[PDB]
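Only one chain comes next, encoded as structure tokens, the form deposited in one PDB entry.
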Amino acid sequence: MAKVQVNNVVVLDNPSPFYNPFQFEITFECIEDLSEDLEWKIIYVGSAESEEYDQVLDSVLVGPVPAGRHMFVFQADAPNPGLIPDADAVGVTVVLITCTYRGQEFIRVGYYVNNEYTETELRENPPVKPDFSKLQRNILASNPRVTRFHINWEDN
């Protein structure tokens, strides 16, 4: 009953300084023809300390999505640096790729990005205020936390 099934998903550009873009290569195969537009989203974890600081950055919508395996590149800029917390900025945050269909999201890709300063010295002594310009984003694409949700693609 699925209209879209993401098969190949990889993270590119990483690892690079935090001011790099969320570059994802999303290959999803549409099993059936979409009449509604597929809303792809990057909901990034704002704080592990308080996950309510989470923020969606960019959303790629394809109205309509024809049946077939499409491979598009998802690109968003860096998350709001004011939402990333002191003690968690120097750590591992998650970048979620949720796909909204009919107001219901059927998949959430949890990519763990490990953020550590590139300056070895700053790795030694993390300052009271993290330095996002020194911070390296190692998006561990080898660890894809795939949470899929069973929803109704058919409007029943």
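Numbers for residues come from their place in the sequence shown, where the first is 1.
There is also a form solved in complex with a partner chain; it is not shown, and the following applies to it.
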{"item": "Residue 63: touches the partner chain in the bound PDB entry, heavy atom cutoff 4.5 angstroms", "value": "yes"}
{"item": "Residue 37: touches the partner chain in the bound PDB entry, heavy atom cutoff 4.5 angstroms", "value": "yes"}
{"item": "Residue 58: touches the partner chain in the bound PDB entry, heavy atom cutoff 4.5 angstroms", "value": "yes"}
